[PDB]
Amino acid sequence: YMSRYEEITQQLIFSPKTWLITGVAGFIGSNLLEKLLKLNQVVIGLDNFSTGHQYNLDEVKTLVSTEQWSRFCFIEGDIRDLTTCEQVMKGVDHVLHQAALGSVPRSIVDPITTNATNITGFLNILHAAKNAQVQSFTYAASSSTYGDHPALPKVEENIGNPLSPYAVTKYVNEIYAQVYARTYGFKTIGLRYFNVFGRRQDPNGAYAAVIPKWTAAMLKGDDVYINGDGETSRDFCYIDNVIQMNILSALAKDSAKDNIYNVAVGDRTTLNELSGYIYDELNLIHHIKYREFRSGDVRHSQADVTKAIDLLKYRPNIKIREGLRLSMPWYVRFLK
């Protein structure tokens, strides 16, 4: 049971607030939309359809009431444009900032646009939100911020050096939000995601995340690619934990704000294990080559989530396997 989360969502269905989801056509963004619309919440959406998709918002309209869908006001626009950020904040209570160009590799190959989106775009929104005096400001941060710190599990106080531009930007994000707290009193919540997967994560692109990429590959009957040895271990996190975390961070009390929280499950799964999980969770619905390490890529990842458990009462209920089983059917429909 996601106890506190449930309570917090009851509050929401009672006093609906106006939410801003930057990156709303994205994987996490669109999921927050689906949840938030079902919570009878008025959602202002912002997205420029870079990695995001019409077919995500389109999908969400499939899954919410007509009455609920009319509470959604989509805006096509750019967090890089400050004005846009100011337009969208009007009347907003809670800001769920999810818009960025993730991918460690992308950042290495184009750190310039990455910077514009992940830093400029982040600061623009952060500032627009402050000036609007929104009630909450929760932003997507990243577990790559840990960088080269050797310790496991990964605890918040304990970050090392960044290994990619992408890490820099997300670390920069975290830095600004502290400065905005210290100098403006604008208390925010950073969410250090660890490899979120689930419904609407893009299986296509050179920058596809492991889980969808490999799923797509098995469904086409193509080769499944393993970068390095395969023992590269990760804390995979089903979207519902992320959705949970955002909402809990939106309505966190003041004393738990100006804080970064690992969003994961505390589990550690290597790529050799995962490939097994996916194959097994896919063959239940009726249907491999090793290469060199990705550069900039962190070696091991396992989240310590006790902070979220303690301060926000986050209960990560869905582990990797349970989440994969919840995820496959969506990919089957999306790729048939």
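A residue's number is simply how far along the shown sequence it sits, counting from 1. Each form is matched to the other, and the largest set of C-alpha atoms that superpose within 1.5 Å is called the rigid core.
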Note to self: For a rigid core alignment of each structure in 7 other deposited structures of this protein onto the shown form, which stretch has the higher root mean square Cα deviation: 22-30 or 298-306?
What the structure shows: 298-306
Item checked: Segment of greater CA departure in 7 other deposited structures of this protein, 256-264 or 225-233, core superposed -> 225-233
Note to self: If I compare the deposited sequence with the modelled residues, how many are absent between residue 287 and residue 288: none, 1 to 3, 4 to 9, or 10 or more?
What the structure shows: 4 to 9
Notebook entry, point to check: Mean C-alpha B factor from the entry: is it higher for 235-243 or for 187-195?
Noted result: 235-243
Next item on the list: Identify the stretch, either 90-98 or 211-219, whose C-alpha atoms have the larger mean B-factor according to the entry.
Entry: 211-219
Next item on the list: In terms of CA temperature factor as recorded, identify the highest of 166, 225, 180, 139.
Entry: 225
Check: Among 53, 307, 300, 38, which carries the highest Cα B-factor?
Finding: 300
Next item on the list: Looking at the entry's B-factor column for C-alpha atoms only, identify whether residue 148 ranks in the lowest, middle or highest third of its chain.
Entry: highest
Item checked: For residue 229, the third of its chain into which the C-alpha B factor falls -> highest
Notebook entry, point to check: If you rank the chain by CA B-factor, which third does residue 173 end up in: lowest, middle or highest?
Noted result: lowest
Check: Comparing residue 83 with the other modelled residues of its chain, is its CA B-factor in the lowest, middle or highest third?
Finding: middle
Check: Mind checking which third residue 121 falls in for C-alpha B-factor across the chain?
Finding: lowest
